[PDB]
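**Student:** Compute the structure for the input listed below.
(chains A and B)
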There are 2 protein chains.
Amino acid sequence: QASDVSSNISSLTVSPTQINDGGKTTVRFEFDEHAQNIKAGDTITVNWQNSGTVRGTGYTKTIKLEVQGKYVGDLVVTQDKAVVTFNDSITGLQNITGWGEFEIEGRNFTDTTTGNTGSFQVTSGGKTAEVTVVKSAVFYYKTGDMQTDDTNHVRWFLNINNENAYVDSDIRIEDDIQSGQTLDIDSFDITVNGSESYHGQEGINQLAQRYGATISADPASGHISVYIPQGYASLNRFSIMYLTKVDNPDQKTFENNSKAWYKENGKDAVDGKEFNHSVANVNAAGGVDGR
Amino acid sequence: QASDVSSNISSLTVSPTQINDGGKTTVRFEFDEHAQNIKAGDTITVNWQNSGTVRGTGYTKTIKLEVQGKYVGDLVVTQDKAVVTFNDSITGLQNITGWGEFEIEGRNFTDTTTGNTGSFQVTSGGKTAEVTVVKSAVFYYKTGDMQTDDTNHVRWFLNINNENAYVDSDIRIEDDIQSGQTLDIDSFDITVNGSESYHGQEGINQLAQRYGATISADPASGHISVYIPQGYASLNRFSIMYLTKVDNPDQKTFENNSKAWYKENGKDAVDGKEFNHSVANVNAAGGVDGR
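**Tutor:** Numbers count the residues shown, from 1 in each chain, chains lettered A, B, ... in the order given. And now the structure:
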């Protein structure tokens, strides 16, 4: 309405301008009072296409904005847009200038088995930017991500017997979660063959006494142990999912280390090979100045 | 000689006065200048019987002694005796008073299958004390101790299949070392059936590729994992020994937690039962005053 002062945007950039599917771009914006004065309740909005085949999803964050220590408003990044709102303490400040930085995930849902290049638009005030998102055409790995709607946790996956192979042996995983994060035991979700789901302690207990498969975890040490007896492991597929809570919000990367022991039918035993994964942290930042 | 001023001992106590075999007593002594003045090089010695059937072994420590910050000598506790020695900075100090505290392990090696009560003598200057030491007449447990000659480490033992039973399953141990101490990987010593010894990384590697038994450890997290395949576990006995380095010298107790999974022949599976152990820390302390 009359309280949108996005016209005050002086600069709008995205970096990179082109990303792999599931990658992220950093949006940087600057603003001043070149179009009109900023007052309490005014808002400055960065939009991006968030609803179609090629879209952006913001990494959710709320940052307090200060001028020389004084709290004058906030930067709220949601999945659909980023909004700067000025509080009643902005009153009286002259020559107002500001900046924000935040992160958007790009996704390309185009259904071709080929490569596909498409783009989503980012817009603020007088400025537009295009982000191009390119979609590209093992017994065990570990992976992880930060969900756009949950930037204070890392989601981790122990993906076991992914081709439902015959298994000669038991399967053993030994997992050390690296520093700056804490296991949430209640977060455990184990899906077998994409049909059964076991949740939290009760689920871990179900898996155990039903099929002798044992997940044991120590959140103080960050250790998780996985044992699957040969009988239940053979031809079965396991996705062991869990969250860590972020303890160090300024850390750049969260790491999770595992070692695995298993013997696939008609193959040599794997004997404590390392399967590690890093997840990049996300941020938002911003500042106001004036007199 | 002329430089022994143990006659200056004013007080000598042991607490407890009677202990179980392998337990400890706290020796407390006070001294002044009632027999003669204390000068540089003079020594005050607490002796104890250290060589027979019932004996004491001191918990080795060296403490700096200060009067109002000034370093004036040391308390050296060895396995055989405790000695206070005054340095050249004691010169000029008047009305010298002091105290020491340290710990002795009592042992009773008497070869009777019965109970046996015996005693060792502690002596300093004019004072004597007697410590009485009383000797009393599972598939898996964990235990530990502080060696009298190595008070900056805790020695830990994972004692597995202690009666050389038939084993239905693999054996799995998951061990979390508690805070204030760090695993020394090079310290691993695994004895099988009291005949073979495997030392450090090379030994762990021998056990692995020879008999498929895997010890995996993470000193940063304090986690140790033990896997013994059913084939090598059955009728075999394992003592897995390792050291932690003490990181917090004033901590009262060091703890080590384990959980075990195994099925003894003709018994029900044990499924993550806890087998924890605490080791009491040892100390020595002392002070000098004067003007």
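
**Student:** When you work out contacts or count neighbours from here on, use the C-alpha atoms and nothing else.
**Tutor:** Fine.

**Student:** so where's the longest helix in chain A?
**Tutor:** Ranked by residue count, the top helix of chain A under DSSP state H comes out as helix A:200-211.

**Student:** That one and chain B, are they touching?
**Tutor:** No. Applying CA under 8 Å from any CA of the partner chain, one finds helix A:200-211 out of contact with chain B, separated by at least 8.9 Å.

**Student:** Which strands or helices does that helix pack on?
**Tutor:** Counting contacts by 3 or more CA pairs under 8 Å, 6 or more residues apart in numbering or on different chains; DSSP states H and E, helix A:200-211 is packed against strand A:189-192, strand A:196-199, strand A:214-218.

**Student:** what's the closest non-adjacent residue to the residue of chain A found nearest chain B?
**Tutor:** With CA to the nearest CA, the shortest gap between chain A and chain B falls at residue A:221, namely 5.2 Å. Spatial nearest neighbour of residue A:221, excluding adjacent residues (CA to CA, 6 or more residues apart in numbering or on different chains): residue B:221 at 5.2 Å.

**Student:** so who does the spatially most central residue of chain A touch?
**Tutor:** Nearest to the mean C-alpha position of chain A, counting by CA atoms, centre = their mean, stands residue A:146 at 1.9 Å. Taking CA atoms under 8 Å, 6 or more residues apart in numbering or on different chains, we find residue A:146 in contact with A:153, A:154, A:155, A:279, A:281.

**Student:** Determine which two of these are furthest apart.
**Tutor:** Across the contacts of residue A:146, the longest distance by CA to CA is 11.9 Å; it joins A:155 and A:281.

**Student:** Write out the residues of the stretch 51-200 of chain A neighbouring chain B.
**Tutor:** Within reach of chain B by CA under 8 Å from any CA, the stretch 51-200 of chain A has these residues: A:174, A:176.

**Student:** Tell me where the stretch 151-291 of chain A has helices.
**Tutor:** Under the criterion DSSP state H, counting those that start in this stretch, the stretch 151-291 of chain A contains helices at A:200-211, A:230-233.

**Student:** okay, the ones you listed, which one's buried deepest?
**Tutor:** For those, the largest average neighbour count (mean count of other CA atoms under 10 Å in any protein chain shown) is found in helix A:230-233, namely a mean of 18.

**Student:** Can you pull out the residues in contact with that helix?
**Tutor:** With contact meaning CA under 8 Å, 6+ apart, helix A:230-233 is reached by A:161, A:167, A:168, A:169, A:170, A:171, A:211, A:212, A:213.

**Student:** quick revisit: quick one: closest of the helices of the stretch 151-291 of chain A to residue A:44.
**Tutor:** Taking CA to CA, helix A:200-211 is the member of those nearest to residue A:44, at 41.8 Å.

**Student:** Can I get the closest one as PDB, trimmed to CA atoms?
**Tutor:** Output of helix A:200-211 as PDB, limited to C-alpha atoms (Å, rounded to 0.1, in the frame of the first residue of the first chain):
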ATOM      1  CA  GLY A 200      11.600 -41.400  18.300                       C
ATOM      2  CA  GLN A 201      12.400 -43.800  21.200                       C
ATOM      3  CA  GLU A 202       9.200 -45.900  20.800                       C
ATOM      4  CA  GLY A 203      10.100 -46.600  17.100                       C
ATOM      5  CA  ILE A 204      13.800 -47.400  18.000                       C
ATOM      6  CA  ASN A 205      12.300 -49.800  20.600                       C
ATOM      7  CA  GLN A 206       9.800 -51.300  18.000                       C
ATOM      8  CA  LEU A 207      12.700 -52.000  15.500                       C
ATOM      9  CA  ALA A 208      14.800 -53.500  18.300                       C
ATOM     10  CA  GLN A 209      12.500 -56.200  19.900                       C
ATOM     11  CA  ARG A 210      10.700 -56.900  16.500                       C
ATOM     12  CA  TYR A 211      13.700 -57.400  14.200                       C
END
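
**Student:** angle of it against strand A:214-218?
**Tutor:** Taking axes from the mean of the first three to the mean of the last three CA atoms, to 10 degrees, one finds helix A:200-211 and strand A:214-218 inclined to each other by 150 degrees.

**Student:** hey, where'd the strands end up in the stretch 101-250 of chain A?
**Tutor:** Using DSSP state E, counting those that start in this stretch, the strands of the stretch 101-250 of chain A run over A:116-124, A:127-135, A:140-145, A:153-160, A:171-177, A:181-183, A:189-192, A:196-199, A:214-218, A:223-228, A:238-246.
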